[PDB]
Each structure stands twice: as C-alpha cells, then as structure tokens.
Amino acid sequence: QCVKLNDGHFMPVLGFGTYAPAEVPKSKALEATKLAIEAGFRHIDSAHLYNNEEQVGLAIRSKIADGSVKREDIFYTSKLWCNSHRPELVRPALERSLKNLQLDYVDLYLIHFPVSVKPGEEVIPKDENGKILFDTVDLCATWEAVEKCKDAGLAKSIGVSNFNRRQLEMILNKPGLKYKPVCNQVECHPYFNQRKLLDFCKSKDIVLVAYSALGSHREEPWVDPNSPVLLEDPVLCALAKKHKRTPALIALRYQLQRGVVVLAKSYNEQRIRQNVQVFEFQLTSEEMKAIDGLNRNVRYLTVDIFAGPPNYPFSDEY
C-alpha cells in the first residue's frame, strides 16, 4: 500500500531499514538491499550517517537495470547529518549522497537529528579531550535550505527525524514557510508507542514513521544492553502463535493499523522475506488494545552523547 504525504506524494507504508552496526561489513548492505527489493520492499531508508549509500544505490540501480523495478517504483530516503546543518552545507551534503548513490534525486530528505555538530568529515567530531564539538545553527535556516533542495528537484519530499512537538511547531510556525515536513521519523514500538506525539503529527498532517520498530539494533554503546528485548515480549509471542506469524510481524502490523508508516531492518534473507508479509493478516481492535498495554516508556536510542545542547529532543514530555 501507500500513504499520501502532505505534498501530494506517496510513501509505501512498509520501509526497509539499512543501518547496520559498525562491525557489519559494507558489502552486506548491498546484498540485503537487493534481497529486500526482490522480496517486495519499495521503500528504502538510509542516511549519510550509515556509510552505505554507495552500496544501497548500487543495489537499487541494479534492480532497475535488470527490470525488476523502475526508479518511480522505489521510494528512497536519505538524511542530512548534524555536521551539515549550516544552510550553505545542506545542498552540498545532498549532492554528495546523490553522487555516492549515483541517482539524480532522493524521494525523501530528512533533517536527521536536531542537535548540530562542527562541520567537517568527522560525523562525531571531538576535541583533544574527547568532548563533542557542538555547532550553533538556527534549524529554521537549515529547514529553509532543505526547502530549496525540493525547489531544485534533488529531493521530491522533505521531512525531519527525532523532532519533538516544540521543534515541529517551530517549523510549522516559521515565517515564510514554503513546505511542511511530510514526516517525523522517530523511535516507535510497543514498549514506546509515541501516542501523544503520534496524535500531534496526525493533527498537522505529518506522517509518523517508526524506526527501531522491532526493538532496535541494540548496538553498544548506543543502546543500553540491560534494556528489555522487545521481540522476547510474551504478549507479542502469544499473538505470533495465535495468528501463525512471528513477534516481529506482530510488532509491524501494530504500526500499520494505527496509521504509522513502519521501518524494518534485516540483513538476514529469511527475515527480509518474512517481514514483507505484514500485509497478509490483521489484528482485531481488541488485540491492538492489548499491544497498547505493552507501553513501558523504554526509549532504546537516547542519542545521549548529544544531551546537553538546548536542541536535545528527548528531555521534553514529547
């Protein structure tokens, strides 16, 4: 299926996640991405941060070349990293992703995370004592430069990631705004179901896109190892058994029935082909209510390296 974005464009409701932990070799992103396309995924999610935009581009372009899809059938997302928030650096960052990908445009370009870091080819820049080098950038200027990327045709749609209600408002209420964000891409799963923020995005015609929808990659030092493992949840497992599906497939269907566009990363061929079958079954309102009860305020990806600056998104209620 697909959802209609506030700019008239359409986004496939199931997306393929392409971030893998640093230990995972680049080559694996190319094979996985081709497997996802052959399985049925048409929405693909990457970012400069992931250091795979060459491999994913190769994967997409070979699937076009062999006639499996056409470019217009693929919805590809990239993201502007924190070291390029300054207005003059936004279009260069997009153009470089495009060069790496060897594509002419992205379907979606996001502000990745609202805290800015010092410009340069270090994605997490640190001083000689190991402390992060934060930059000072008006995100409204960042947005304005992202808008020009849309005018240019380099990005068909534009959006944000990891923005709270306050930062969404700053954007929507900004003088001379030309384009609303189509989406706010945020952590969302049955432990942390984002109800309050989901209702807010809905109210402004912004799609909630969920990442770490299967409980996150659990990469240290990014994710606390002592956090409960979402896909071990006994209710998701009882639901999996009732419907002859898995706990992952249940997690994913949850998001689709509540008006959320959902991402799923897997570099395992069996899991890739499995995840696209979210479309073959449904949950009752009673079972959706059951999964609502699983909320426990567990945020896997805090990005607390980036706590400190006023722009840190996760101090606010939502």
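In case it trips you up, residue 1 is the first one in the sequence shown, and so on.
In this entry, the higher average B-factor at the C-alpha atoms falls on 167-175, of the pair 180-188 and 167-175. The deposited model assigns a higher average Cα B-factor to 21-29 than to the other stretch when 8-16 and 21-29 are compared. Which of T136, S78, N162, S212 has the largest Cα B-factor in the deposited entry comes down to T136. Highest C-alpha temperature factor among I250, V69, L256, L263 per the entry: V69. Per the deposited record, the Cα B-factor of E286 falls in the highest third when ranked against the other modelled residues of its chain. Ranked against the other modelled residues of its chain, the C-alpha B-factor of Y50 as given in the entry falls in the lowest third. Annotation for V123: CA B-factor lies in the highest third of the chain's modelled residues. For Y109, the recorded CA temperature factor ranks within the lowest third of the chain's modelled residues.
Among the modelled residues of its chain, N193 has a C-alpha B-factor that falls in the lowest third, as given in the PDB entry.
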